[PDB]
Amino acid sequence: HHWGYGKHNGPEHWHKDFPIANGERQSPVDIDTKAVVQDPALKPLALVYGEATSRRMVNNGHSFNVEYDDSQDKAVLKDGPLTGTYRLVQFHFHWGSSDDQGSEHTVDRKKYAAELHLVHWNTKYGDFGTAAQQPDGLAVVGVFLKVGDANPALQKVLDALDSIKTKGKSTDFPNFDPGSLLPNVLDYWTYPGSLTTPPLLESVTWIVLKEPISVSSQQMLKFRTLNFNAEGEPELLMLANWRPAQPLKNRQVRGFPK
């Protein structure tokens, strides 16, 4: 089923083909900081990314992603709110049509310019697809991009976008350290949720970092010159690819260290 962020096939209509869009643990959410609860079971996050091996970058038609080699046991996410060990498979971003919107998660309704999603799958399920079908199968780390200074690490990613302008395009993208896109402080909010794109599976433990990384307004321009369409289709620039906040319903957002 074709979906996107346009007038006819956008977040407002996803429910027609993916009825879990109106499920009980949908993402993203607004994080009401006064309602955040502390939990002494929570641990510091362990993002063990030093041996993560990037492979390629791909315009998938809804955003772009950097693919990691998840056939080896090296780049893993553990601790934080998690039991067991999750392999890094890819990262991607969401952004908006102007600098003051574009994040998926919001903090007391504040939006950032963009949001990075580092996607991981629980090693006990063997692969990404199998893991995606279990409530404890995925873990996504979300990082806010706040407009300010130019980000040199981010620039390596943005430099490659000229190579992947349209849907299905890919380029070799070796040696990129995903940790170079994390803040120094790993304080986080966590809640049980879902993928923010169809198929919207409710299999994600969300880990949203409190501290953003920076991006310049000039860098933000680079995101918005990508195309949703394939070559030879009408041009639909990737001006915005964010889902609005979804009802928290009966969930609680936990915070570490508070």
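We number the residues from 1 along the sequence you see. Note that the rigid core is defined as the largest set of C-alphas that superpose within 1.5 Å between two forms.
A.B. asks: Comparing C-alpha positions in 4 other deposited structures of this protein against this form, with the rigid core used for the fit, which stretch differs more, 70-78 or 117-125?
C.D. replies: Stretch with the higher C-alpha RMS distance in 4 other deposited structures of this protein: 70-78.
A.B. asks: Which stretch is more displaced from the shown form in 4 other deposited structures of this protein, 1-9 or 249-257, with RMS over structures and residues of Cα positions after a rigid core fit?
C.D. replies: Farther on average in 4 other deposited structures of this protein: 1-9.
A.B. asks: If you average the CA temperature factors as listed in the entry, which stretch comes out higher, 236-244 or 9-17?
C.D. replies: Looking at the record's C-alpha B-factors, the answer is 9-17.
A.B. asks: Can you let me know which of the two, 142-150 or 90-98, has the higher average C-alpha B-factor in the entry?
C.D. replies: For C-alpha atoms only, the mean B-factor is higher in 142-150.
A.B. asks: Return the residue from 124, 120, 117, 169 that has the highest Cα B-factor in the entry.
C.D. replies: Result of the comparison over 124, 120, 117, 169: 124.
A.B. asks: Hey, out of 103, 85, 180, 155, whose CA B-factor is highest in the deposited coordinates?
C.D. replies: When the deposited C-alpha B-factors of 103, 85, 180, 155 are compared, 85 is largest.
A.B. asks: Give the position of residue 38 by CA B-factor within its chain, expressed as the lowest, middle or highest third.
C.D. replies: Tercile = highest for this residue's CA B-factor.
A.B. asks: Can you work out whether the C-alpha temperature factor of residue 137 puts it in the lowest, middle or highest third of the chain?
C.D. replies: Ranked within chain, residue 137 CA B lands in the lowest tercile.
A.B. asks: Would you check the entry's CA temperature factor for residue 217 and let me know if it's in the chain's lowest, middle or highest third?
C.D. replies: Tercile = middle for this residue's CA B-factor.
A.B. asks: Compare the C-alpha B factor of residue 225 with those of the other modelled residues in its chain, then answer lowest, middle or highest third.
C.D. replies: CA B-factor rank for residue 225: middle third.
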